Each structure stands twice: as C-alpha cells, then as structure tokens.
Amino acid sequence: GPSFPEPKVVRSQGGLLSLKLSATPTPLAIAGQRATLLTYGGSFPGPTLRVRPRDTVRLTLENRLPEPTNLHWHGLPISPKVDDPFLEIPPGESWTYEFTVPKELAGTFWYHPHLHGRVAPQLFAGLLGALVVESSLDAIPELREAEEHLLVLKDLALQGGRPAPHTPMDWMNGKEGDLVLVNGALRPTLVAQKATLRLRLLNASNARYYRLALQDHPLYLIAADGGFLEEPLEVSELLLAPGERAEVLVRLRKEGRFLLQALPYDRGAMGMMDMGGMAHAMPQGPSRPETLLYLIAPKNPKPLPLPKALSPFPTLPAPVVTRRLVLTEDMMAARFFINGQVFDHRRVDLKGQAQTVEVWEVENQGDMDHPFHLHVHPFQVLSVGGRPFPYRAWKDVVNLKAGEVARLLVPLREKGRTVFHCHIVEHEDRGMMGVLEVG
C-alpha cells in the first residue's frame, strides 16, 4: 500500500453520506502482531467520513458487541436528540443517526462510544474514527496545493491478543498503552512528495497526551478542534490532549529525515510506592519521549507561501450569564467530581437559554491535567491559567493543568439535554460529568 497508512475514506455522494457501520470484535494485524480489537467497519481506526456543509448524514450503527453502545459525534454542533449521550443500543440491535451538516462548519471531528460507565474500555479497544468537514477554504491555493494527511494518534496495550484489561490504577489515571501508534501503525514513514504538508491531527487516546514537535521545524496551526483560526499561528510545539484536534501546515525546509515526536509531558498521573512505612501515592512524572512517525522531505523543498488569512471568527453577542465549574479528585477512590458531585443522568446541573452566550469558568482544583469537553455547543477559549489565548477559533475540549482556570465563551445552540465531562474517559466513567439543559 502507500508508505503512509491512513484510514479508508468514505465520501458523501450527491449531498448524502448513507452508510451502515457495525461495531464488532475483529481479528486484524496490528503493529506486526495479530489481535482482536473492537472496530467500526472492520478497521482500526474506523473509516474516515468526509462530508461538506449541508450534506445529509445517515449512519446506521449495528451493535455486534456483547454490551450496549452508542455514538457521540464529537465536536459536531448538531441536536442532542441526534447526538444523544443517553441512548443505548442493545447488543444485536441497530440505530440510525440522521443529521444535516451545519452550513458554517469546517475541520476535523470524530466519532466514538458514549455509554456512561463503558466508554473507556470500548474506546481503548479500538472503537473510533474521524469525520472531516471539507470547506470552500480548502480551495485556496495555499491549502489546495499542500499534501494532506490525517494522523489519528491513539495508543494501545495488548494482552493475549486482545486489548489489555483496565486495572484499578487505570481507572484512576486513565489508561495509556505501550504501543504508541499513528493510524494504527507503529512509527510509519511519511515520504513527502510536496514541500508543504497539511496535517489533520486527532488525539483519540483514552488518556495519553501528545506534546508534538517536528525535528528542526515549527508547526503552523491553522485549525483547532472545531474550525479554522483567523490566520496561521507559528508554534514550536503543540500539545494535543485527549479528544482535541488541530490542523497544521508543515513547511519542509531541507532534504532529510525528521522525527515527529511526542515529547516528555507530565499530566500528573500517579503511581504507588512503599518505602518502609508508606503505601502512598507518588507522581509518575513526565511521559517517556516517543517517536510518532519518520518524515522524509523531498528533493530541494520549496514550500508554498502561508495563507495570509483563513476564516474570520464570528463576533459573538454579549454574554448573559457566568458559570463556575470546579473539578476535584478523590484519587484513591478513583472518583472524580464537578462542583462536588458525580454524574447523575436524571439530574440537570445547568439550565441555559438557546441563542444566548455564556461565560464558563472551569477551574481545575485537582493535581492531574483534566481536558474538559462540552457536547453540542462549541466554545471560544478566552484564557487559561490567566493567560489569554493567542488565537480565536472554535474548540470543544480545553486542557486544564492543576490549579488552572479556563474562561470560555459559550454560545448555546441546539435545544435539549446534553453533557459536559472530562475527556480522560475513565474519569467520565467514574463520575466527572454533568448535565446541561438548553431551552
């Protein structure tokens, strides 16, 4: 196949993407080994769905797992009556998700399970895929002439030819695996044919962070989770927390081999030690560095100029309410809280008004990083840790290190009941989720 493995793409046809996908245990070859994973569409990752604004999506999910499951259309500002976090598809049963892609939308999104208490094992086992919304902006020469690739960043651990089971420590920290893969491949080689690359990045890991850096090169950030920036932003590195997406341009500077790495990063994961009267928690410290892929530049690279502009960010109405959402931890219990409570699907935590804007202050009072996700209503990050964000773009996950406060501008869009939760999915399963009702 092509030197660089990427998931199969399924494209809408005549404005309709109609597809039947089964969630199924699937024997496959993974990183040189045979394993049985849980997959959509018989592959890991699942197929990439590629659509345009105003397309109709009609996706019938058949559940061939021994437990119930469902789908979250992560990042899509659609109705929570479609992206329904409370729906359960029993084993053997099917459900059809039908929605129209919003007109003002572009970027890299994804789909994965969201059945409370079962997300972490299902996601860890291989149930996820990407969804790309193509934009008229993709036609500008500076993007059209770039070489485009999707990178799905997901790690895995195998035991007896199956995904390794969750330990108690896994429920506390979120599970990370030793196989650090890109598109399900182990350190693939990307042999660039053009001097400018456009890379869509997705962190579909349960808990692993990717502190991304390309040897000898900066990255040019052009989109965040849910849409384009207003103009490219040069960065030396880019941290992608679980659930986050980004799009970057890479401008290859000279011939040669360059490593794309996940640099050491300490997300506050914890171990246990006994030093002669202990039996107490101790920091794991930073992750060991990982090579994600080998990037070979072409002969005499002459990259395109950067686009001068991307998409102007909408001017939002003045906000009508300010919310405060405090995250805390009980590590030894592996319990996680928002404003002192664990999730209860029958309990509404916030009630807001559609078409108004809110300010959400989300404060991490724990010691671990927590990546905060809100369904249905993309937001603009104003600041985190008291530092103003250096760009305007739509996001739907924001990472908070210990002690940090994020201030978000949240326009409420579709009416209905939805959720917000930590996207270290173990923490969500263990209670770190709440309910927002929009009317």
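We call the rigid core whatever largest set of C-alpha positions still superposes within 1.5 Å between the two forms. Start at 1 and count along the sequence shown; that's the residue number.
Farther from the shown form on average, by C-alpha root mean square after a core fit in 8 other deposited structures of this protein, is 270-278, of the stretches 270-278 and 161-169. Two stretches, 281-289 and 213-221, are weighed by how far their CA atoms sit from the shown form in 8 other deposited structures of this protein after rigid core superposition; the farther one is 281-289. Set 58-66 against 375-383 and average the Cα temperature factors; 58-66 ends up higher.
The mean Cα B-factor in the deposited entry runs higher for 315-323 than for the other of 237-245 and 315-323.
You'll see in the entry that, of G1, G434, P7, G439, the Cα B factor peaks at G1. Of the candidates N399, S43, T36, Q33, the PDB record gives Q33 the highest C-alpha temperature factor. Among the modelled residues of the chain, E142 sits in the highest third by CA temperature factor in this PDB entry. Ranked within its chain, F109 lands in the lowest third, by CA B factor from the PDB record.
Per the deposited record, the Cα B-factor of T189 falls in the lowest third when ranked against the other modelled residues of its chain. For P91, the recorded CA temperature factor ranks within the middle third of the chain's modelled residues. Ranked against the other modelled residues of its chain, the C-alpha B-factor of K20 as given in the entry falls in the highest third.
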